[PDB]
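Asks: Pasting a structure below so you can have a look.
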Amino acid sequence: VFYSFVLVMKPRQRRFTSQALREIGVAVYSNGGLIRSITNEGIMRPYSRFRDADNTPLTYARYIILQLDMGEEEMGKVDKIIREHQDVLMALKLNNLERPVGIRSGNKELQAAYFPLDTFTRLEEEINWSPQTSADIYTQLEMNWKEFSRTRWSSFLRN
Amino acid sequence: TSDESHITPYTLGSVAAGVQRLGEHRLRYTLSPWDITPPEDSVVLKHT
């Protein structure tokens, strides 16, 4: 991804969650950027109690993942927009997604010298693995590899 | 009367070497022969 966010939010009535997410989204569109994926997660129990705008500590919070394509200039604006919203407890930001840690160290990349387009195409989920991932995806990966490489040109040279 | 003949040495020395040497004058396919043919089931292509 170009940018990503993890947004720890207060667990409110659904109409409010939807309004808040519409506000963040519109704040991203106005600033001339895109949303790769807005992923929803449940109301979880974190390891740290968060206080909201009421200064009332919270045991539970709704987690929400943002993945954005912006300019680095106007994500300052979106940053202090998101962090200043009352329904967001915490937001952590990943800017490292284009050059993550495991590449371009003493010619680790075979047949290319730092191809940037490898990790840009990808989403955050495949750059940073989630805990549930097991050896099983090693299977799926390749059925999604081989299959892809079969249909790509034929699909592209159609139009 | 017979005798041991000294075999004049081959260029490549093994058949595997034969294939590989032959293979540089050729174009590899992107996909191996067993998966080129489309599956009998249908795989909807998603993003990775």
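Chain labels follow the order of the structure tokens: the first chain is A, the next B, and so on; residue numbering restarts at 1 in every chain, and ligands are counted from 1 in their shown order.
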For a quick test of understanding: name the residues of chain B lying within 9 Å of chain A when counting only C-alpha atoms, and present them as a list in words.
Replies: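 In the required form, that comes to residues 30, 31, 35, 36, 38, 43, 45, 46, 47 and 48 of chain B.
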Asks: Can you write out the residues you just picked, keeping C-alpha atoms, as an mmCIF file, in the first residue's frame?
Replies:
```cif
data_model
loop_
_atom_site.group_PDB
_atom_site.id
_atom_site.type_symbol
_atom_site.label_atom_id
_atom_site.label_comp_id
_atom_site.auth_asym_id
_atom_site.auth_seq_id
_atom_site.Cartn_x
_atom_site.Cartn_y
_atom_site.Cartn_z
ATOM 1 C CA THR B 30 5.607 -19.370 -18.762
ATOM 2 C CA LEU B 31 3.633 -22.363 -17.468
ATOM 3 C CA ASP B 35 -0.911 -26.627 -15.754
ATOM 4 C CA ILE B 36 -1.563 -24.689 -18.930
ATOM 5 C CA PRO B 38 -7.676 -24.630 -17.803
ATOM 6 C CA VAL B 43 -11.071 -20.275 -10.464
ATOM 7 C CA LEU B 45 -9.250 -14.533 -10.110
ATOM 8 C CA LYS B 46 -9.031 -12.211 -7.147
ATOM 9 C CA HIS B 47 -6.324 -9.839 -6.034
ATOM 10 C CA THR B 48 -3.641 -11.660 -4.062
#
```
Asks: If you run DSSP on this backbone, which residues of region 1-155 of chain A come out as helix (DSSP H, G or I), and could you give them as number ranges by chain?
Replies: A: 14-30, 75-82, 117-121, 124-127, 136-155
Asks: Neighbours of residue 61 (chain A) within 10 Å (only C-alpha atoms; same-chain residues fewer than 4 positions away dropped), as a short mmCIF file (atom, residue, chain, number, x, y, z; two decimals) with N, CA and C atoms, in the first residue's frame?
Replies:
```
data_model
loop_
_atom_site.label_atom_id
_atom_site.label_comp_id
_atom_site.auth_asym_id
_atom_site.auth_seq_id
_atom_site.Cartn_x
_atom_site.Cartn_y
_atom_site.Cartn_z
N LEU A 7 -7.26 2.21 13.14
CA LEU A 7 -8.10 3.13 13.89
C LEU A 7 -8.88 2.43 14.99
N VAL A 8 -8.49 2.70 16.23
CA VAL A 8 -9.22 2.23 17.38
C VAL A 8 -10.29 3.25 17.73
N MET A 9 -11.54 2.79 17.61
CA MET A 9 -12.73 3.63 17.71
C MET A 9 -13.64 3.23 18.86
N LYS A 10 -14.42 4.18 19.34
CA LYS A 10 -15.39 3.94 20.40
C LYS A 10 -16.61 3.20 19.85
N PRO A 11 -17.07 2.16 20.57
CA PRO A 11 -18.17 1.28 20.16
C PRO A 11 -19.55 1.91 20.32
N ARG A 12 -19.98 2.70 19.34
CA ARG A 12 -21.25 3.40 19.46
C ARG A 12 -22.37 2.73 18.66
N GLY A 42 -14.35 -6.32 14.55
CA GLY A 42 -15.37 -6.32 15.57
C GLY A 42 -15.06 -5.40 16.72
N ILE A 43 -15.84 -5.53 17.78
CA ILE A 43 -15.55 -4.80 18.98
C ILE A 43 -14.71 -5.72 19.83
N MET A 44 -13.45 -5.35 20.00
CA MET A 44 -12.51 -6.20 20.69
C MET A 44 -12.18 -5.69 22.10
N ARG A 45 -11.45 -6.51 22.84
CA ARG A 45 -10.97 -6.14 24.15
C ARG A 45 -9.48 -5.99 24.03
N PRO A 46 -9.00 -4.74 24.10
CA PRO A 46 -7.57 -4.46 23.96
C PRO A 46 -6.79 -4.78 25.24
N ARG A 49 -6.77 -0.08 28.50
CA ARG A 49 -8.01 0.66 28.49
C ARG A 49 -7.78 2.01 27.80
N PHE A 50 -8.68 2.39 26.90
CA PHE A 50 -8.61 3.71 26.28
C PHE A 50 -9.66 4.66 26.85
N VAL A 88 -12.57 8.62 17.40
CA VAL A 88 -11.34 7.85 17.26
C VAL A 88 -10.50 7.96 18.53
N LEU A 89 -10.32 6.82 19.20
CA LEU A 89 -9.49 6.72 20.39
C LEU A 89 -8.04 6.85 20.01
#
```
Asks: Restricting the calculation to only C-alpha atoms, which member of A:48, A:159, A:31, A:130 is positioned closest to residue 73 (chain A)?
Replies: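 Nearest to residue 73 (chain A): A:31.
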Asks: What gap, in Å, lies between CA of residue 20 (chain A) and CA of residue 85 (chain A)?
Replies: 8.2 Å
Asks: At a cut-off of 8 Å, using only C-alpha atoms, what residues contact residue 124 (chain A)? Leave out same-chain residues fewer than 3 positions from it and give the result as a ChimeraX atom specification.
Replies: /A:1,4,67,97,127-128
Asks: Within 7 Å of residue 38 (chain A), counting only C-alpha atoms, which residues qualify if same-chain residues fewer than 3 places away don't, as a ChimeraX atom specification?
Replies: /A:35,65-67
Asks: Just to be explicit: take each residue in the selection above, keep N, CA and C atoms, and write the result as an mmCIF file, in the first residue's frame.
Replies:
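What ended up in part_29.cif:
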```
data_model
loop_
_atom_site.group_PDB
_atom_site.id
_atom_site.type_symbol
_atom_site.label_atom_id
_atom_site.label_comp_id
_atom_site.auth_asym_id
_atom_site.auth_seq_id
_atom_site.Cartn_x
_atom_site.Cartn_y
_atom_site.Cartn_z
ATOM 1 N N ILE A 35 -9.124 5.084 -1.663
ATOM 2 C CA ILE A 35 -9.221 4.075 -0.626
ATOM 3 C C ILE A 35 -9.093 2.684 -1.229
ATOM 4 N N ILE A 65 -9.552 -0.780 9.890
ATOM 5 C CA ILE A 65 -8.328 -0.661 9.111
ATOM 6 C C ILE A 65 -8.518 0.164 7.839
ATOM 7 N N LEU A 66 -7.680 1.181 7.662
ATOM 8 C CA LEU A 66 -7.719 2.008 6.459
ATOM 9 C C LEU A 66 -6.510 1.741 5.573
ATOM 10 N N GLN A 67 -6.706 1.721 4.263
ATOM 11 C CA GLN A 67 -5.570 1.623 3.357
ATOM 12 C C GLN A 67 -5.718 2.664 2.257
#
```
